[PDB]
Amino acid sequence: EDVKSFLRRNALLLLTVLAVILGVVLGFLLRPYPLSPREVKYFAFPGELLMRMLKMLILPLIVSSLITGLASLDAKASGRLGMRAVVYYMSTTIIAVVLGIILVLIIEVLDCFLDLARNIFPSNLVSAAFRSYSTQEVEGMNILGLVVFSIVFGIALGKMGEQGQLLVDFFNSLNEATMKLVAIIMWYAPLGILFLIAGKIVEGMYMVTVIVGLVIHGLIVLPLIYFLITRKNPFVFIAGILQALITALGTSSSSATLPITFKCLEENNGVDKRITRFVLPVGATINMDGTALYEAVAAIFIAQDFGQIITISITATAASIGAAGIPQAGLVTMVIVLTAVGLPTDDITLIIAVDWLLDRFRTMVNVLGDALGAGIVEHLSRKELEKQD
């Protein structure tokens, strides 16, 4: 009798779950039909509108969250909160790349660094909102440039007392208002996910290695870390951020699923806005546990000496940090890990075909790390938030 109350309460949660079930069924059913590449794009259009909607809100979401969030905290507490984040991010990505290396043993590069330094320091803030540098400015928002600028701006506003308050208040209203619009987007999400995944399925031992490896990291490593740190049941936490994971599986972008990761953690998991505004936008771009595991697996897979296996763990953690929270950013950053060891970069072409499905899974682990990461930081920074009340 207690399942009718579950269906009433979890209406939206189960709808997107059904959207995956119906989407996989529809996609395989429509796959024998030849269609056209143009026709596939037409078919997947309801999934495209969901991407346009989510993408729309990331700019006001990142900028307003970091400016308010860092102004909300004292600069020394921001460093303490920050040290908790960076220490967590680096350990979890090192834990994943080591796990990744173990599983496989059982079964223009300078320009890349310069371009990244260039994006950390945008020469124009208006363009940074829709363009990124690529050696000379390719289309596509500079999330890293804005993340960095907002952090320095947020610290500055906190440091300027009351004169600062007006702009903190301005940006707080702008965050709550964009968060009110993601409530709307969420109802379209089941229709979008169905079409976004059905189109992608309308198109070996390696693919299984990552899939199993991400289950060990995602469902065993990360939860036991959260339990060991907070002493709270981690699988109930994962149930709250479920809509955010199912959307990561659909979009394959951790920057596009950030507004929904915000709605879940803030509400469903009841995490502090002060720390979600701090953790989640930074975690979206730099904390990529699932990508790190995939970088290591693929670098060793194409090879199919220990001091150069040491360079793989260093460059796979390096690529993990660099790679944008945008779909297919994984194999584009494989150039850094393939070059460092000495393997030919042209081998990336062998992976490309199956990569799409692995991307959806590694995005879920990249989001899951930020979700559990915020829960861990919130708990550790208990006193800092206690003081600001």
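One rule holds for the numbers: they count along the sequence shown, beginning at 1.
Where coordinates are absent for parts of the deposited sequence, a chain break appears; between neighbours residue 304 and residue 305 it spans 4 to 9 residues. The gap between residue 107 and residue 108 holds 10 or more unmodelled residues of the deposited sequence. Averaged over their C-alpha atoms, the temperature factors of 342-350 and 358-366 are higher for 342-350. Just going by the entry, 378-386 versus 1-9 on mean CA temperature factor gives the higher value to 1-9.
Take 135, 311, 132, 251 and read off each C-alpha B-factor from the entry; 311 has the highest. Note on the listed residues 277, 263, 232, 159: the highest Cα temperature factor in the record is that of 232. When the modelled residues of the chain are ordered by their C-alpha B factor, residue 268 lands in the middle third. Remark: residue 41 belongs to the middle third of its chain, ranked by C-alpha B-factor as recorded.
Placement of the Cα temperature factor of residue 98 within the chain: highest third of the modelled residues, per the deposited record. In this PDB entry, the Cα temperature factor of residue 57 sits in the bottom third of its chain's modelled residues, the lowest group. Looking at the C-alpha B-factors along this chain, the one for residue 210 belongs to the highest third.
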